[PDB]
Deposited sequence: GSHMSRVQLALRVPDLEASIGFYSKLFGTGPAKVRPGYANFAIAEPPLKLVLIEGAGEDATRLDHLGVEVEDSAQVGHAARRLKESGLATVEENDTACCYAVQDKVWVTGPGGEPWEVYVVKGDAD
């Protein structure tokens, strides 16, 4: 259906991969320099780890909703705009930002 994407900026990518592998009982789906992600079935979650630049603590990088196909992104894009939110589309993604600055992407992988 759809799942939340949580992207964390972490000070230690390697330590974070080990921790999350244990927490969710599954290994990362993608690993490359400075980046890893996990595709978790239960709870439905795309977890993204971005290595920080000498960061002192983990912080939120961005948030999102991962959907099945482009049509769903388009539907979300139109609904969000009609609701009065300012949006930015990529062509597939739509971006909105919350009042305290937290960015959300609605996207298809």
property: Deposited-sequence ranges lacking C-alpha coordinates, in sequence order; result: 1-3, 95-103, 122-126
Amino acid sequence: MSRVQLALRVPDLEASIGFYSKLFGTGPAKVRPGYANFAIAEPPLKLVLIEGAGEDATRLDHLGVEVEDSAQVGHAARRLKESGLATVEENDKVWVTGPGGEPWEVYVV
From here on, numbers count along this sequence of modelled residues.
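Take the two forms, find the largest set of C-alpha atoms that superpose within 1.5 Å, and that set is the rigid core.
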item	value
Between stretches 48-56 and 23-31, more displaced by Cα RMS in 5 other deposited structures of this protein (rigid core superposition)	48-56
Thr97 not built in a third or more of the other entries	no
Mean C-alpha temperature factor, higher of 34-42 and 48-56	48-56
Selected stretch [higher average CA B-factor]: 78-86 or 61-69	78-86
Top residue by Cα temperature factor, when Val109, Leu8, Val106, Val4 are compared in the entry	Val109
Lowest, middle or highest third - CA B-factor, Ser21	middle
